[PDB]
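S.K.: The structure is given below, and queries will be raised subsequently.
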Amino acid sequence: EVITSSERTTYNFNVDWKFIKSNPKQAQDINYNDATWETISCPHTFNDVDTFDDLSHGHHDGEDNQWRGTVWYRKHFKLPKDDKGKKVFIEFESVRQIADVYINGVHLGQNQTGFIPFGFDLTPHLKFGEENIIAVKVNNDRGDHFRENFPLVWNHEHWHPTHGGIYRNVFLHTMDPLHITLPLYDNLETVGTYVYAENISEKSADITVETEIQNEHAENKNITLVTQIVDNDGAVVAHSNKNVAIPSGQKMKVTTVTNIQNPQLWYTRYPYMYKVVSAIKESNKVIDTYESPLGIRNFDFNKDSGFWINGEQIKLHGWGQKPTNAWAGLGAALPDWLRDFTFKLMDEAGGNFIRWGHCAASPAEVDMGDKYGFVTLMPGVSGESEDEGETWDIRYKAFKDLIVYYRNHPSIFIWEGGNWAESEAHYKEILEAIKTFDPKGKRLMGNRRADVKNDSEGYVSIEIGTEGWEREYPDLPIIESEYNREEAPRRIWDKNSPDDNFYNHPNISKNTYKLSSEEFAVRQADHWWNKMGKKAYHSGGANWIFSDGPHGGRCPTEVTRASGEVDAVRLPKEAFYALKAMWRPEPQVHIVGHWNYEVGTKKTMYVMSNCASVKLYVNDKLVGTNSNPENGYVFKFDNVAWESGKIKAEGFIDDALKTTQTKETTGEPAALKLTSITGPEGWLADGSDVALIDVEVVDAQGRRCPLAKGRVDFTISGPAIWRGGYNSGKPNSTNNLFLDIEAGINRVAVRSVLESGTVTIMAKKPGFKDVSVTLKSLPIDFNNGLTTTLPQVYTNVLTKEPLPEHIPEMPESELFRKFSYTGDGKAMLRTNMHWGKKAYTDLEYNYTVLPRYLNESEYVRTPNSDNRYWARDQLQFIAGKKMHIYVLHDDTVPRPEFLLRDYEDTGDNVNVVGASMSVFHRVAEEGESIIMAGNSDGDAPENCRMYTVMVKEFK
Ligand SMILES: [Br-]
Ligand SMILES: [Mg+2]
């Protein structure tokens, strides 16, 4: 009963391209000789070999020591002379950053979005029955300074590592001249289908589908449009038909309304997915088919009680992940199944929310949101700025392309209008774009840092919060977009374990964060509980960064911003199991760390648990019972005496045993262990599929040694391309046929080639027997440059999960408008400045002598601990009245850019216990947006003073 076959064929266009990392003249020409170019397959990036190999700069400056410029791709392919009268479209999921596409030497156009799909009609230039050639000229250049990088201001490693090339999938679509259109607004100006659900209950739901159809034949067509609703088992549950005439050359939208009896609704704990099959028929003959996703759900982001879905209230907890999503050794060009692997890990740790930061996810990643039940906050392209001119035009156009592409996915609940407040006129345009292309989705709209412009009031539909600060729009629901900025490397367990190039790292004193995995894990509850978890009005939100990546960070001991709860090769940190124990709905306990300590060790043991009480045992001797968890989920046990053997925690709800975890002391190292991980279809010989290999050091019992480290050397043979892994704490650790073990394990990637065959990887380590794994890359159905086999992903992932069995108990200035501070320390607003008042929140230093104009001013007691911290939005407020702004800045600190841009030097100084602070003066009008960043732009003296702010009404 399900309509399957038609004139439409979707080809995978990833396999077998020619590539060159340069800009040769006439590279788009039909008869350009590309024989010496490199044979690759998409997804592909030429920055896989020169990223994750530079130690972080800190100061939120991302990795810039990588190749940037103009490169070229060329692909040969032949369509059957059979298809001689078919439309042919090419679709690019994304190209980074500027793409120019050519077909047989004819330029089709450019796309500068870097992260949004686009496509072109090849038909007028195709030679059927002959070889055709696509050429893609790609540029990934960007201006050095993230504030002077126009127009593509989102294109900067500050937020988005500039990994260039065709880093997502490419498809070829062939179809009848009479066809449903493709949702690639750039540059086809078509929108495909629009699916929305109304009058939803458990009993009934009405699905409206508007199908845009185009008749590119020279004669009118009388057609029947069929809308089929297909459930999770592939059964047709309901259908609708409409008989319409499409005049020759015309586009029209055909609407159907189809009722579903007893719909399976879409929940975060049961993301039931329907599919809509749209078919064009010409009397029993099927001309075209197109499939659209369908998840049926009612929802409410409520200002008082958080988020509801289908009448159940659900706390949202998940991650903010970079769209680059890069994998060490591979860059941003993840095969879809590695994107699925990343997503399955978020799902494993209880995620039900995702924000892409700060450009759109790939298409398959929105499919993964759909099938794992992730409420999604989706941006188009953005950096961190109110934009204008051409920057706004390109970004706004990308926003339309984005809605046209993604509007039918049920995982999307909020359109992120931007990663900064915007002008009133631009808010109008944002709502007008949603009204044009998504009038019926009931999605909300917000911008992060909307609170820094009065423009946002009355336009944003949901407060997009930062770092769990107090709500600034109590009329609205609130969702957290980026909380917990901390970093910590996977390889450091705790201060009771031997150091692994961290506490003694040459760069350790430049780190903002010097946390072990245990501290990083345990504090996950501090951050979550106090910023979202304990607030019944708070919908929840996104933990900043899921996987380590070389975007801007604060720890030059690492080659990434180490803020993920898994590392850049998706090895989980203890913090991953902390969040998993807090956020999963079933009862959980997780003992933080390991059980290989020295004889006589005494340490605090942390159990993370969503249970009500936890019991702790050392070799079956009960050492404690805790019914008073800290921050909802931390059951700690002080001064536990280590004993070789076994440590076991028990989790209880209502004094009934729910779950148990045991960790064991490992024995001495005894062998290397190699374990392979491939995609669900196996390792495919397509030139880009990846096989992962876990290399471990194990004891005689086969348990991973948590303290093992040291260099392993590798050899590879067979048709494959070694891509290595990384060591977070070391430069130039990528590519090499050797790698250090960290806490007993590391992970390398092997990429296939077009030739299928047997591939052998051997690992060696002094003192161990050699070990090996044998892989087989499997042949794919490939011919004339084309395959109908789509990129492999995990299928049939639908299961039902229960609601949590236990949730921890929850508790009971006219000038500094919308003040907020995002440094690690605490700021404090205070009034009536004069001699004797404290200058900082974390010191007892007082102001003594003051220039006359400073007295009676309102002031911000800043935390001196943030004296070398940097954040774009460190300190902000809207000027409540016309006022004087004074910034006291340590003379020993290089003046930061925001100070020199908008503040003049007074000549006067204010001495505060030996430190001379120059006053900088600024007059602000009422409503002016006052944004302050780090004390210094780069390095500074370790013992310098954090700056302070003073404010007085103009009068
Ligand atoms: Br990244
Ligand atoms: Mg994180």
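Residue numbering for chain A follows Swiss-Prot, covering 19-830, 839-981 in order.
So this one's X-ray crystallography, 2.4 Å, going by the header.
Using N, Cα and C of the backbone, Cβ positions are placed for all residues, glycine too.
Below are the features listed in Swiss-Prot for this protein:
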ACT_SITE  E500  active site, nucleophile
BINDING   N561, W562, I563, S581, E583  Mg(2+) binding site
S.K.: Spanning 8 missing residues, the endpoints are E830 and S839. What is the Cα distance in Å?
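M.R.: It comes to 25 Å between the two flanking Cα atoms.
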S.K.: Compute the centroid of the Cβ atoms of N561, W562, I563, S581, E583, then list the same-chain residues not in that set whose Cβ lies within 8 Å of it, in sequence order, for the Mg(2+) site.
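M.R.: For the Mg(2+) site, the extra neighbours are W337, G338, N502, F564, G582.
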S.K.: Measuring Cα to Cα, tell me the gap between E500 (active site, nucleophile) and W562 (Mg(2+) binding site) in whole angstrom.
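M.R.: Just about 5 Å between their Cα atoms.
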S.K.: Would you mind listing, in sequence order, the residues at least six apart from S581 (Mg(2+) binding site) in the same chain with a Cβ closer than 8 Å to its Cβ?
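M.R.: Listed in sequence order: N502, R503, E504, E505, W562, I563, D566, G571.
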S.K.: Do you know which of the recorded positions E500, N561 has the most other C-beta atoms within 10 angstroms of its C-beta?
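M.R.: Max Cβ neighbours within 10 Å, all protein chains included: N561.
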S.K.: For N561 (Mg(2+) binding site), what is the secondary structure by DSSP, using just helix, strand and coil?
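M.R.: Going by the DSSP assignment, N561 (Mg(2+) binding site) falls within a strand, counted as strand.
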S.K.: For each of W562, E583, count the other CB atoms within 10 A of its CB; which of these binding-site residues has the top count?
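M.R.: Counting every other Cβ within 10 Å of each candidate, the maximum falls on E583.
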S.K.: What's the number of neighbouring CB atoms sitting within 10 A of the CB on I563 (Mg(2+) binding site)?
M.R.: 26
S.K.: Reduce the DSSP letter at the residue listed as 'active site, nucleophile' to three states and note it down.
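M.R.: DSSP call for the residue listed as 'active site, nucleophile': strand.
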